[PDB]
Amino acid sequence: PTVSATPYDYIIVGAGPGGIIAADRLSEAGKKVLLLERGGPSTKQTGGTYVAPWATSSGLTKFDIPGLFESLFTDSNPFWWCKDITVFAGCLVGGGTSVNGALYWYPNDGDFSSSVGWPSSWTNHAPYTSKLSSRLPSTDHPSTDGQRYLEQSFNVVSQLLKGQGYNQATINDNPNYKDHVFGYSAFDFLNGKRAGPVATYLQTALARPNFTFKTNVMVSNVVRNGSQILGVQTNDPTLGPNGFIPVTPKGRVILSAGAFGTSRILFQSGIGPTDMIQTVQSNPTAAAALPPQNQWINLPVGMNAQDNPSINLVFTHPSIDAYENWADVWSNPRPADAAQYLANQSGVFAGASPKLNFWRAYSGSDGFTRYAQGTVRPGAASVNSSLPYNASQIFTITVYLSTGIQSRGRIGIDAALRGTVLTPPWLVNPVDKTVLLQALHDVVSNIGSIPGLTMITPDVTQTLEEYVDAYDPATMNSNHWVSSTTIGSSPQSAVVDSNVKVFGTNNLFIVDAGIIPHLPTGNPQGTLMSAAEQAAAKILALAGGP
């Protein structure tokens, strides 16, 4: 074939938070970096054009406006979800950060403890968390006017929690203070708009001549001769011969394609468990791209997957404003709220749906301390009540467990090469379940002390125990996948080393949620971003590089 490709010092696969941060920090260091993304534009500044009818004149998209978050789940044509993964994953510029609730918690020291699986060389996360907080300062008042909006559910739940001995704090002012703490939801927004890596890290990268970003490019596999990765195989023939893009002689490939995406690339590269590589091999086309069998690397790719077990509790209280259950924000918003947002990016639309977050630690019979997290939002996705209720008064408390859980599951691919959950990770460990039930019970323990507060799902005829046992396991998915390519010290139990290099390779690295060895206390994006900063630093400091 005749296309001559530009070789790169770093080819980074996937423009999610891991990939973007890596791309920024590596290009900042002067390295010749290529960032590849399978999906298309997201927010306005990336070229995105999917704009609410009411937002036309601003050009701000469904991804730009925080208050449109819940409308990501009610659109008739959600182009933003990865079409070849059976659970939610964002496939567009920014990855999950363009379609998430944007809850943003700086990691606590325990999140990077060696006790949870991080190498000793990672525990001192503070310098990297500091770099993050400078790029993306937390805000719990994202509205540009500094006021907070649609806080009725915060007001009810704060009173519930105060009776349980909780104390209010600005969460991110001291990330280590988590047990019996609640506070306003924090986001990585800027100027009342979604921000995250797309608005910060990507923008500083894009300004550099030594950085190149290509969207609508899918990577099927890395190309390698044993331990030496030569480059990546793409579906774009203008970037190289039949879609192959090489690295420079000392160059490196960084996979940042997300839990399901990265795992698939690895399998399709002959890296992972034998049953997964055989799955690939069962597809004659993909089989032709596999290395010979004697070069397969057996690593626990997709194993030890962890995601929080989420349980929704639904309530009513007369003071709550369920905001039309978010059903009207795209097509027919409350005019004054919409106008406010267009005028100066203040008001309801400057925040996503969450309003209050809380945490509590629990002792376990197995000796592990577990944390529960609550997230309160107006509205509800599902209600199962035998009694009438006023839909305008509904709100949800979603409870999950995080730190200390012992449940592990498994992700991988099916025969159609779709990313899928092979072994559900939720409540595999019985003590996880026991503690979850205790936490749910604690949340509602003093419900009678709040006048007008009613739990409508589970309703009065169903116990919490019955509720959890009847709950669909797949709906416990919190979209917080970690550990599928975990960092560690041995290829028997981990996929990447202390420098996020894949075992068995000279020059293949992973920077995405899969490396995180255990779920952190809060929603994970803040932890991953800190880890991405740390990973980039490690990769840069790792000798033998370009």
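Residue positions are given as counts along the sequence shown, with the first one as 1.
The question of which stretch, 425 to 433 or 73 to 81, has the higher mean Cα B factor is settled in favour of 425 to 433. Annotation for 334 to 342 versus 200 to 208: the higher mean temperature factor (C-alpha) is found in 200 to 208. Among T463, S143, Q152, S310, the highest C-alpha B-factor in the deposited entry belongs to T463. Listed residues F349, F267, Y166, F189 were ranked by CA B-factor as deposited; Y166 comes out on top. Among all modelled residues in its chain, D275 ranks in the middle third by Cα B-factor. Ranked within its chain, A89 lands in the lowest third, by CA B factor from the PDB record. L60: CA B factor lies in the lowest third for its chain, per the PDB record.
Among all modelled residues in its chain, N216 ranks in the middle third by Cα B-factor. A29 sits in the highest third of its chain by CA B factor, as recorded in the PDB entry.
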